[PDB]
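These notes concern the structure reproduced below.
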Amino acid sequence: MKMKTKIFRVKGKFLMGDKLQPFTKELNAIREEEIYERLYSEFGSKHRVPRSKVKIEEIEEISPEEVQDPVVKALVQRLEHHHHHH
């Protein structure tokens with residue numbers, strides 16, 4: 001069943017150069033089984049980081065308008081209501 005997408009503010013570590021770098025990823029999904037696969041996909045895409053080297057530590061569900069990432073916040077708004085301002 002599809003719904004209004006939940007923005008999960010993930011806070012974890014990714015292994016690059018045998019070093020753990022911390023990240024704060026605000027991404028819109030439906031459930032946790034999405035979050036894992038979507039991050040393994042993104043880090044591999046944008047950053048070319050291997051899946052087994054991406055370590056998720058925290059997953060915090062936040063509100064659509066509170067999201068700091070402009071791209072994700074714009075993505076969530078695509079399924080929202082066009083504010084009728086005459």
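According to the numbering used here, the sequence shown is numbered sequentially starting from 1.
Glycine residues also receive a C-beta, built at the ideal position from the N, C-alpha and C atoms.
Local conformation of residue i per DSSP, three classes
{"i": "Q68", "result": "coil"}
{"i": "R51", "result": "helix"}
{"i": "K2", "result": "coil"}
{"i": "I35", "result": "helix"}
{"i": "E58", "result": "strand"}
{"i": "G44", "result": "helix"}
{"i": "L79", "result": "coil"}
Rounded distance between the beta-carbons of residue j and residue i, thought under 8 Å
{"i": "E26", "j": "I62", "result": "7 Å"}
{"i": "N28", "j": "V71", "result": "With a Cβ gap of about 10 Å, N28 and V71 do not count as contacting."}
Cβ-heavy atom distance, residue i to the ligand ATP, below 7 Å
{"i": "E57", "result": "Of the ligands one can find in the structure shown there are none, so the ligand ATP has no counterpart to examine."}
C-beta contact flag for residue i and residue j at 8 Å
{"i": "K46", "j": "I30", "result": "no"}
{"i": "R51", "j": "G44", "result": "yes"}
{"i": "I59", "j": "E32", "result": "yes"}
{"i": "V49", "j": "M16", "result": "yes"}
Point to revise | Contact between the segment 72 to 85 and the segment 9 to 19 (3+ Cβ pairs under 8 Å) | key: no
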